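A.B. asks: Below you'll find the sequence and an experimental structure to go with it.
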Amino acid sequence: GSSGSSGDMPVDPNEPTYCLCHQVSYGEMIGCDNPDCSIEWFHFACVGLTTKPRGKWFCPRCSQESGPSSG
Ligand SMILES: [Zn+2]
Ligand SMILES: [Zn+2]
């Protein structure tokens, strides 16, 4: 069979992964505005988000793109 380590168990095919955490759906999450983004899902605590931002939101993995982005 298979033992169920009490301490800490590794990932599982139970559910698909989205956020970099490489974990299943959990906690507060958001949807990346970028239509190209494959994940389009990240955890708040991870995306330094305290509340649900109104309008559009771009993950910290897309916005940081090498382009004409000047400031
Ligand atoms: Zn995460
Ligand atoms: Zn994104």
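C.D. replies: Yep, it's here. Numbering: from 1, shown residues only. Ligands and ions are numbered 1, 2, ... in the order given.

A.B. asks: ok, how many other residues are close to residue 39?
C.D. replies: 15 (other Cβ atoms under 10 Å). Every C-beta, even on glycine, is put in place using the N, C-alpha and C of the backbone.

A.B. asks: If we ignore the residues flanking it in sequence, what's nearest it?
C.D. replies: Excluding the flanking residues, the one nearest residue 39 by Cβ to Cβ, 6 or more residues apart in numbering is residue 18, at 5.1 Å.

A.B. asks: Would you agree residue 45 is in contact with residue 29?
C.D. replies: No - under the criterion of Cβ atoms under 8 Å, residue 45 makes no contact with residue 29, lying 10.2 Å away.

A.B. asks: Looking at the two, which is more packed in?
C.D. replies: The neighbour comparison of residue 45 against residue 29 (other Cβ under 10 Å) goes to residue 29, with 17 against 12.

A.B. asks: neighbours around residue 10, how many?
C.D. replies: Residue 10, neighbours per other Cβ under 10 Å, totals 5.
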